[PDB]
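> The file below is structure_10.cif, mmCIF, C-alpha atoms and all ligand atoms:
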```cif
data_entry
loop_
_atom_site.group_PDB
_atom_site.id
_atom_site.type_symbol
_atom_site.label_atom_id
_atom_site.label_comp_id
_atom_site.auth_asym_id
_atom_site.auth_seq_id
_atom_site.Cartn_x
_atom_site.Cartn_y
_atom_site.Cartn_z
ATOM 1 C CA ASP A 21 185.999 -19.302 179.887
ATOM 2 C CA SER A 22 184.673 -15.731 179.952
ATOM 3 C CA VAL A 23 181.625 -14.666 177.939
ATOM 4 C CA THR A 24 181.903 -11.105 176.613
ATOM 5 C CA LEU A 25 179.727 -8.790 174.520
ATOM 6 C CA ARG A 26 180.475 -6.669 171.516
ATOM 7 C CA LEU A 27 178.128 -4.504 169.465
ATOM 8 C CA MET A 28 176.642 -6.336 166.516
ATOM 9 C CA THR A 29 177.413 -4.808 163.115
ATOM 10 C CA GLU A 30 175.859 -5.095 159.643
ATOM 11 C CA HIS A 31 178.643 -7.669 158.925
ATOM 12 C CA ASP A 32 177.032 -10.064 161.419
ATOM 13 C CA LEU A 33 173.618 -10.153 159.713
ATOM 14 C CA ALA A 34 174.292 -13.186 157.480
ATOM 15 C CA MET A 35 175.466 -15.122 160.552
ATOM 16 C CA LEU A 36 172.427 -13.989 162.583
ATOM 17 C CA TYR A 37 170.153 -15.135 159.707
ATOM 18 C CA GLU A 38 171.754 -18.589 159.836
ATOM 19 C CA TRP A 39 171.272 -18.673 163.655
ATOM 20 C CA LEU A 40 167.627 -17.550 163.565
ATOM 21 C CA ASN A 41 166.829 -20.538 161.338
ATOM 22 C CA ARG A 42 168.366 -23.180 163.605
ATOM 23 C CA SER A 43 165.650 -25.422 165.067
ATOM 24 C CA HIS A 44 166.600 -24.840 168.748
ATOM 25 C CA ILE A 45 166.198 -21.091 168.196
ATOM 26 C CA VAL A 46 163.097 -21.126 165.986
ATOM 27 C CA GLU A 47 161.318 -22.898 168.878
ATOM 28 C CA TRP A 48 161.539 -19.817 171.159
ATOM 29 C CA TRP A 49 162.365 -16.924 168.846
ATOM 30 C CA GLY A 50 160.433 -15.382 166.042
ATOM 31 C CA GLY A 51 156.757 -15.929 166.873
ATOM 32 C CA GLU A 52 154.909 -14.648 163.767
ATOM 33 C CA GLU A 53 158.382 -13.855 162.412
ATOM 34 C CA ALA A 54 159.886 -17.345 163.064
ATOM 35 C CA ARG A 55 162.237 -18.520 160.288
ATOM 36 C CA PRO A 56 162.981 -15.085 158.805
ATOM 37 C CA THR A 57 164.420 -14.798 155.305
ATOM 38 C CA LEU A 58 167.844 -13.208 154.837
ATOM 39 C CA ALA A 59 166.067 -10.015 153.651
ATOM 40 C CA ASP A 60 163.866 -10.074 156.797
ATOM 41 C CA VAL A 61 166.945 -10.252 159.021
ATOM 42 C CA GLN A 62 168.736 -7.566 157.000
ATOM 43 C CA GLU A 63 165.699 -5.240 157.199
ATOM 44 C CA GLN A 64 164.816 -5.896 160.842
ATOM 45 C CA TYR A 65 168.140 -6.413 162.630
ATOM 46 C CA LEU A 66 170.370 -3.809 160.944
ATOM 47 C CA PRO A 67 171.723 -1.951 164.008
ATOM 48 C CA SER A 68 170.459 1.427 162.674
ATOM 49 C CA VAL A 69 166.927 -0.008 162.242
ATOM 50 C CA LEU A 70 166.955 -1.537 165.744
ATOM 51 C CA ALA A 71 168.138 1.902 166.988
ATOM 52 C CA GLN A 72 164.764 3.346 165.848
ATOM 53 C CA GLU A 73 163.068 1.061 168.381
ATOM 54 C CA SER A 74 165.544 1.808 171.196
ATOM 55 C CA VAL A 75 167.086 -1.647 170.714
ATOM 56 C CA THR A 76 170.819 -2.324 170.882
ATOM 57 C CA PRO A 77 172.149 -5.601 169.397
ATOM 58 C CA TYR A 78 175.157 -7.535 170.723
ATOM 59 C CA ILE A 79 177.165 -10.591 169.727
ATOM 60 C CA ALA A 80 178.236 -12.826 172.616
ATOM 61 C CA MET A 81 181.840 -14.026 172.360
ATOM 62 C CA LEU A 82 183.649 -16.965 173.980
ATOM 63 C CA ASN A 83 187.324 -17.738 173.331
ATOM 64 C CA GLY A 84 187.277 -15.482 170.237
ATOM 65 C CA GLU A 85 184.205 -17.230 168.725
ATOM 66 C CA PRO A 86 180.697 -15.755 168.309
ATOM 67 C CA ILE A 87 178.350 -17.923 170.390
ATOM 68 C CA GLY A 88 175.082 -16.011 170.605
ATOM 69 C CA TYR A 89 172.990 -12.929 170.048
ATOM 70 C CA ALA A 90 171.621 -10.549 172.669
ATOM 71 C CA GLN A 91 169.796 -7.240 172.713
ATOM 72 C CA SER A 92 168.951 -4.611 175.284
ATOM 73 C CA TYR A 93 166.125 -2.090 174.951
ATOM 74 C CA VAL A 94 164.729 0.989 176.645
ATOM 75 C CA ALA A 95 161.366 -0.276 177.913
ATOM 76 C CA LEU A 96 159.671 3.180 177.886
ATOM 77 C CA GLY A 97 160.872 3.462 174.188
ATOM 78 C CA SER A 98 159.430 0.243 172.773
ATOM 79 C CA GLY A 99 156.939 -0.264 169.901
ATOM 80 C CA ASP A 100 153.158 0.118 170.226
ATOM 81 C CA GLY A 101 151.722 -2.341 172.725
ATOM 82 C CA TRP A 102 155.043 -2.906 174.515
ATOM 83 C CA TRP A 103 155.576 -1.848 178.164
ATOM 84 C CA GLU A 104 152.706 0.655 178.042
ATOM 85 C CA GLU A 105 152.539 0.957 181.876
ATOM 86 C CA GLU A 106 156.239 1.756 182.195
ATOM 87 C CA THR A 107 157.116 5.207 183.585
ATOM 88 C CA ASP A 108 160.839 4.874 184.410
ATOM 89 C CA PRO A 109 163.163 5.676 181.466
ATOM 90 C CA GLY A 110 165.988 3.850 183.360
ATOM 91 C CA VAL A 111 164.358 0.444 182.888
ATOM 92 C CA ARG A 112 166.171 -1.784 180.323
ATOM 93 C CA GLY A 113 164.988 -5.140 179.026
ATOM 94 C CA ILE A 114 167.025 -7.951 177.511
ATOM 95 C CA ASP A 115 166.543 -10.896 175.125
ATOM 96 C CA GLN A 116 169.171 -13.419 174.086
ATOM 97 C CA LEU A 117 169.943 -16.715 172.410
ATOM 98 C CA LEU A 118 172.828 -19.179 172.193
ATOM 99 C CA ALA A 119 173.844 -20.010 168.621
ATOM 100 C CA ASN A 120 174.886 -23.676 169.055
ATOM 101 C CA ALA A 121 172.579 -26.535 170.073
ATOM 102 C CA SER A 122 175.640 -28.353 171.456
ATOM 103 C CA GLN A 123 176.289 -25.550 173.957
ATOM 104 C CA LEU A 124 172.826 -25.427 175.624
ATOM 105 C CA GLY A 125 172.264 -26.346 179.295
ATOM 106 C CA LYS A 126 175.927 -25.975 180.277
ATOM 107 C CA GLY A 127 175.778 -22.599 182.096
ATOM 108 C CA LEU A 128 176.816 -20.437 179.106
ATOM 109 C CA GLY A 129 173.433 -18.661 178.917
ATOM 110 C CA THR A 130 173.695 -17.732 182.615
ATOM 111 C CA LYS A 131 177.210 -16.307 181.931
ATOM 112 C CA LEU A 132 175.880 -14.343 178.949
ATOM 113 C CA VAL A 133 172.966 -12.916 180.975
ATOM 114 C CA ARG A 134 175.284 -11.990 183.886
ATOM 115 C CA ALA A 135 177.610 -10.176 181.431
ATOM 116 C CA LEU A 136 174.686 -8.279 179.909
ATOM 117 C CA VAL A 137 173.327 -7.308 183.341
ATOM 118 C CA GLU A 138 176.773 -6.034 184.405
ATOM 119 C CA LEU A 139 177.141 -4.059 181.144
ATOM 120 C CA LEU A 140 173.749 -2.420 181.596
ATOM 121 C CA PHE A 141 174.336 -1.416 185.241
ATOM 122 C CA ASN A 142 177.614 0.205 184.115
ATOM 123 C CA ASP A 143 175.331 2.799 182.627
ATOM 124 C CA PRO A 144 174.526 4.835 185.790
ATOM 125 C CA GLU A 145 171.180 5.916 184.294
ATOM 126 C CA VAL A 146 169.907 2.308 184.348
ATOM 127 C CA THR A 147 167.683 1.503 187.359
ATOM 128 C CA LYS A 148 166.356 -2.002 186.768
ATOM 129 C CA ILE A 149 166.638 -4.744 184.163
ATOM 130 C CA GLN A 150 163.600 -6.714 183.009
ATOM 131 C CA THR A 151 163.015 -9.762 180.867
ATOM 132 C CA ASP A 152 159.838 -11.455 179.627
ATOM 133 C CA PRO A 153 160.261 -15.163 178.759
ATOM 134 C CA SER A 154 157.290 -17.177 177.534
ATOM 135 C CA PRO A 155 155.545 -19.100 180.352
ATOM 136 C CA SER A 156 156.337 -22.233 178.228
ATOM 137 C CA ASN A 157 160.101 -21.483 178.304
ATOM 138 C CA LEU A 158 161.074 -23.003 181.658
ATOM 139 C CA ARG A 159 164.769 -23.301 180.716
ATOM 140 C CA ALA A 160 164.990 -19.541 179.943
ATOM 141 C CA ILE A 161 163.151 -18.734 183.207
ATOM 142 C CA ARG A 162 165.617 -20.814 185.255
ATOM 143 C CA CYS A 163 168.622 -19.282 183.452
ATOM 144 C CA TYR A 164 167.309 -15.799 184.305
ATOM 145 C CA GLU A 165 166.796 -16.782 187.967
ATOM 146 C CA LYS A 166 170.375 -18.131 188.123
ATOM 147 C CA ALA A 167 171.532 -14.759 186.749
ATOM 148 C CA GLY A 168 169.729 -12.838 189.564
ATOM 149 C CA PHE A 169 166.301 -12.094 188.084
ATOM 150 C CA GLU A 170 163.133 -12.587 190.142
ATOM 151 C CA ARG A 171 159.747 -13.644 188.773
ATOM 152 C CA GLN A 172 157.113 -10.954 189.386
ATOM 153 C CA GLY A 173 153.972 -12.198 187.640
ATOM 154 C CA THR A 174 152.199 -12.678 184.343
ATOM 155 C CA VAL A 175 151.848 -9.768 181.962
ATOM 156 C CA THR A 176 150.089 -9.306 178.626
ATOM 157 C CA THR A 177 152.496 -8.429 175.779
ATOM 158 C CA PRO A 178 152.180 -8.215 171.964
ATOM 159 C CA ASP A 179 153.825 -11.678 171.945
ATOM 160 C CA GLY A 180 151.229 -13.047 174.407
ATOM 161 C CA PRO A 181 151.330 -13.629 178.169
ATOM 162 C CA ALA A 182 154.877 -13.460 179.525
ATOM 163 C CA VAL A 183 156.533 -14.076 182.864
ATOM 164 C CA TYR A 184 157.743 -10.604 183.876
ATOM 165 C CA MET A 185 161.122 -10.877 185.643
ATOM 166 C CA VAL A 186 163.307 -8.131 187.115
ATOM 167 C CA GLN A 187 166.664 -7.414 188.730
ATOM 168 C CA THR A 188 167.040 -3.980 190.421
ATOM 169 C CA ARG A 189 170.278 -2.039 190.757
ATOM 170 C CA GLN A 190 169.983 -2.377 194.567
ATOM 171 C CA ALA A 191 169.804 -6.180 194.230
ATOM 172 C CA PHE A 192 172.829 -6.205 191.914
ATOM 173 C CA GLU A 193 174.804 -4.078 194.431
ATOM 174 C CA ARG A 194 173.841 -6.309 197.383
ATOM 175 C CA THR A 195 174.864 -9.473 195.549
ATOM 176 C CA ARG A 196 178.332 -8.313 194.419
ATOM 177 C CA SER A 197 179.878 -9.474 197.686
ATOM 178 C CA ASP A 198 178.970 -11.643 200.669
ATOM 179 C CA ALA A 199 179.919 -8.648 202.823
HETATM 180 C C1 LIG A 201 167.576 -19.554 177.069
HETATM 181 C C2 LIG A 201 169.095 -19.837 177.011
HETATM 182 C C3 LIG A 201 169.876 -18.531 176.710
HETATM 183 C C4 LIG A 201 169.532 -20.362 178.395
HETATM 184 O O1 LIG A 201 170.951 -20.672 178.342
HETATM 185 P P1 LIG A 201 171.535 -22.105 178.827
HETATM 186 O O2 LIG A 201 173.008 -22.025 178.835
HETATM 187 O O3 LIG A 201 170.839 -23.164 178.037
HETATM 188 O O4 LIG A 201 170.990 -22.084 180.364
HETATM 189 P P2 LIG A 201 171.883 -22.486 181.621
HETATM 190 O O5 LIG A 201 172.482 -23.819 181.355
HETATM 191 O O6 LIG A 201 172.827 -21.342 181.897
HETATM 192 O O7 LIG A 201 170.718 -22.531 182.759
HETATM 193 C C5 LIG A 201 169.505 -23.228 182.447
HETATM 194 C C6 LIG A 201 168.886 -23.899 183.676
HETATM 195 O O8 LIG A 201 167.561 -24.395 183.343
HETATM 196 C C7 LIG A 201 167.478 -25.806 183.721
HETATM 197 N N1 LIG A 201 166.894 -26.438 182.544
HETATM 198 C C8 LIG A 201 167.561 -26.913 181.486
HETATM 199 N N2 LIG A 201 166.689 -27.388 180.601
HETATM 200 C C9 LIG A 201 165.470 -27.204 181.107
HETATM 201 C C10 LIG A 201 164.196 -27.497 180.645
HETATM 202 N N3 LIG A 201 164.044 -28.086 179.454
HETATM 203 N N4 LIG A 201 163.142 -27.172 181.425
HETATM 204 C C11 LIG A 201 163.304 -26.586 182.610
HETATM 205 N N5 LIG A 201 164.510 -26.292 183.074
HETATM 206 C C12 LIG A 201 165.597 -26.592 182.342
HETATM 207 C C13 LIG A 201 168.916 -26.281 183.784
HETATM 208 O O9 LIG A 201 168.971 -27.433 184.632
HETATM 209 C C14 LIG A 201 169.617 -25.059 184.370
HETATM 210 O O10 LIG A 201 169.320 -24.967 185.767
HETATM 211 P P3 LIG A 201 170.273 -25.647 186.859
HETATM 212 O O11 LIG A 201 171.740 -25.026 186.643
HETATM 213 O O12 LIG A 201 169.719 -25.074 188.269
HETATM 214 O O13 LIG A 201 170.242 -27.134 186.776
HETATM 215 C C15 LIG A 201 169.410 -20.921 175.924
HETATM 216 O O14 LIG A 201 168.934 -22.215 176.350
HETATM 217 C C16 LIG A 201 168.858 -20.556 174.529
HETATM 218 O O15 LIG A 201 169.396 -19.662 173.870
HETATM 219 N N6 LIG A 201 167.789 -21.271 174.112
HETATM 220 C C17 LIG A 201 167.133 -21.055 172.802
HETATM 221 C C18 LIG A 201 166.644 -19.590 172.654
HETATM 222 C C19 LIG A 201 165.854 -19.056 173.874
HETATM 223 O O16 LIG A 201 165.073 -19.774 174.505
HETATM 224 N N7 LIG A 201 166.067 -17.766 174.179
HETATM 225 C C20 LIG A 201 165.400 -17.141 175.342
HETATM 226 C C21 LIG A 201 164.025 -16.564 175.010
HETATM 227 S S1 LIG A 201 163.285 -15.651 176.437
HETATM 228 N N1 LIG A 202 162.913 -13.133 174.577
HETATM 229 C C1 LIG A 202 162.912 -13.679 173.211
HETATM 230 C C2 LIG A 202 162.038 -12.806 172.280
HETATM 231 O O1 LIG A 202 162.847 -11.618 171.961
HETATM 232 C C3 LIG A 202 162.305 -10.741 171.003
HETATM 233 O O2 LIG A 202 161.145 -10.079 171.511
HETATM 234 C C4 LIG A 202 161.445 -8.875 172.274
HETATM 235 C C5 LIG A 202 161.118 -7.654 171.366
HETATM 236 O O3 LIG A 202 162.119 -7.614 170.274
HETATM 237 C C6 LIG A 202 161.620 -7.033 169.051
HETATM 238 O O4 LIG A 202 161.811 -7.932 167.947
HETATM 239 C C7 LIG A 202 162.879 -7.445 167.109
HETATM 240 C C8 LIG A 202 164.234 -8.046 167.507
HETATM 241 O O5 LIG A 202 164.006 -9.351 168.060
HETATM 242 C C9 LIG A 202 162.781 -5.939 167.195
HETATM 243 O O6 LIG A 202 161.692 -5.517 166.328
HETATM 244 C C10 LIG A 202 162.334 -5.715 168.650
HETATM 245 O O7 LIG A 202 161.333 -4.711 168.593
HETATM 246 C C11 LIG A 202 161.100 -6.330 172.183
HETATM 247 O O8 LIG A 202 160.719 -5.243 171.357
HETATM 248 C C12 LIG A 202 160.193 -6.375 173.426
HETATM 249 N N2 LIG A 202 160.399 -5.126 174.217
HETATM 250 C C13 LIG A 202 160.552 -7.601 174.309
HETATM 251 C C14 LIG A 202 160.448 -8.902 173.485
HETATM 252 N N3 LIG A 202 160.720 -10.057 174.387
HETATM 253 C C15 LIG A 202 161.923 -11.439 169.664
HETATM 254 N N4 LIG A 202 161.313 -10.479 168.745
HETATM 255 C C16 LIG A 202 161.000 -12.632 169.961
HETATM 256 O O9 LIG A 202 160.592 -13.317 168.742
HETATM 257 C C17 LIG A 202 161.653 -13.589 170.988
HETATM 258 O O10 LIG A 202 160.727 -14.636 171.363
HETATM 259 CA CA CA A 203 174.403 9.091 180.192
HETATM 260 CA CA CA A 204 176.278 -8.078 200.075
#
```
Represent the structure of the file as structure tokens.
Ligand SMILES: CC(C)(COP(=O)(O)OP(=O)(O)OC[C@H]1O[C@@H](n2cnc3c(N)ncnc32)[C@H](O)[C@@H]1OP(=O)(O)O)[C@@H](O)C(=O)NCCC(=O)NCCS
Ligand SMILES: NC[C@H]1O[C@H](O[C@H]2[C@H](O[C@@H]3O[C@H](CO)[C@@H](O)[C@H]3O)[C@@H](O)[C@H](N)C[C@@H]2N)[C@H](N)[C@@H](O)[C@@H]1O
Ligand SMILES: [Ca+2]
Ligand SMILES: [Ca+2]


Amino acid sequence: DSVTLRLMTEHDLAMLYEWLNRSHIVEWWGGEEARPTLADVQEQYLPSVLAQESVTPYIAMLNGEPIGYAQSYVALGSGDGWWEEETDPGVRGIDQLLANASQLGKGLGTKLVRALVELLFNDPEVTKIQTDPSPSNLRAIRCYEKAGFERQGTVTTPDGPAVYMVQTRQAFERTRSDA
């Protein structure tokens, strides 16, 4: 059915910790910080701490069950080394994961990304959404393409080379109807 988003709260942190230590997630999420301890997740993902980095955390919901984690961020407002060429404060980036190995490759990630893109463009200040999957992460790249993102090129980030992908507000508008 329909994938929706709610703000993550401090009450979700234990659950997020469990998720971040599942093998299908560890593979693509964490980097240096792969397999975080409970304290790590509590210290790093508390919504008020993420707020200091211009990051907003969400829980993805399907049929009343939490099925994944997502975040949006102000690109111009990111940590040292991140998006240092950005000039547009309207640019938002996203990252996300599906909690359950059993639910991968069945279109749910595309639904989640579409829901996040729609949410973000419902802020009229937002001009463009970006994402930055690893070049190794072909599944994530395809999901993003299915959700309306276009590959731009390779960029150097603090987490290594990434495939920079974008979806502009104009593109989103044009694709809302076949009219
Ligand atoms: C990335 C993620 C959100 C994508 O969600 P998903 O529901 O698995 O993706 P979807 O099923 O919606 O779409 C994936 C597409 O990639 C293709 N694909 C699937 N596995 C693939 C693989 N191993 N290599 C290349 N392409 C693959 C699928 O065929 C599908 O395309 P198609 O519909 O044209 O056939 C999810 O797989 C996930 O959370 N993975 C672990 C964490 C992660 O990688 N997060 C993203 C970091 S940038
Ligand atoms: N797309 C999946 C990736 O998402 C996260 O990395 C994002 C990164 O997120 C930081 O990491 C913590 C929450 O994940 C916060 O500190 C944010 O600053 C963000 O600051 C960058 N602007 C974009 C990065 N892509 C993960 N950190 C990373 O491990 C994972 O591979
Ligand atoms: Ca406003
Ligand atoms: Ca149209």

> Might you spell out which residues the PyMOL selection byres (((chain A and resi 117) around 6) and not hetatm) would select in the displayed file, as an MDAnalysis selection string?

chainID A and resid 88:89 116 118

> Extending 4 Å beyond the listed atoms of range 71-78 of chain A on each side, what axis-aligned box results? I want centre and edge lengths in Å to one decimal, as JSON.


```
{"center_x": 169.1, "center_y": -2.1, "center_z": 168.5, "size_x": 20.1, "size_y": 18.9, "size_z": 13.3}
```

> Could you list, as a list in words, all residues that come within 9 Å of ligand CA 203 (chain A)? Count all atoms listed in the file.

residues 143, 144 and 145 of chain A

> If the PyMOL selection byres (((chain A and resi 174-181) around 10) and not hetatm) is run on the structure shown, which residues does it catch, given as a ChimeraX atom specification?

/A:50-52,99-104,152-156,171-173,182-185

> I'd like to know which of A:109, A:28, A:151, A:138 is closest to ligand LIG 202 (chain A), using only C-alpha atoms and all ligand atoms.

A:151

> Written as a list in words, what is the full residue list that the PyMOL selection byres (((chain A and resi 44) around 10) and not hetatm) yields on the file shown?

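This file gives the following for the PyMOL selection byres (((chain A and resi 44) around 10) and not hetatm): residues 39, 40, 41, 42, 43, 45, 46, 47, 48, 49, 117, 118, 119, 120, 121 and 124 of chain A.
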
> As a list in words, please: every protein or nucleic acid residue near ligand CA 204 (chain A) (cut-off 12 Å, counting all atoms listed in the file).

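Listing the residues within 12 Å of ligand CA 204 (chain A) gives residues 190, 191, 192, 193, 194, 195, 196, 197, 198 and 199 of chain A.
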
> Leaving out residue 134 in chain A and any residue of its chain fewer than 6 positions from it, which residues lie within 12 Å of it when counting all atoms listed in the file, given as a ChimeraX atom specification?

/A:22-25,80,90,114,116,127-128,140-141,149,163-169,187,192,195-196

> Quick one: residues within 8 Å of residue 74 in chain A, only C-alpha atoms counted, chain neighbours fewer than 5 positions away excluded, as number ranges by chain?

A: 93-94, 97-98

> Tell me, as a list in words, which residues lie within 10 Å of residue 70 in chain A, counting all atoms listed in the file; anything in the same chain fewer than 6 positions away does not count.

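Within the cut-off, the hits are residues 63, 64, 76, 77, 91 and 93 of chain A.
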
> One number please: CA of residue 107 in chain A to CA of residue 148 in chain A, in Å, one decimal.

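Atom-to-atom, CA of residue 107 in chain A to CA of residue 148 in chain A, that is 12.1 Å.
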
> Give me, please, the distance in Å between CA of residue 35 in chain A and CA of residue 129 in chain A, quoted to one decimal.

18.8 Å
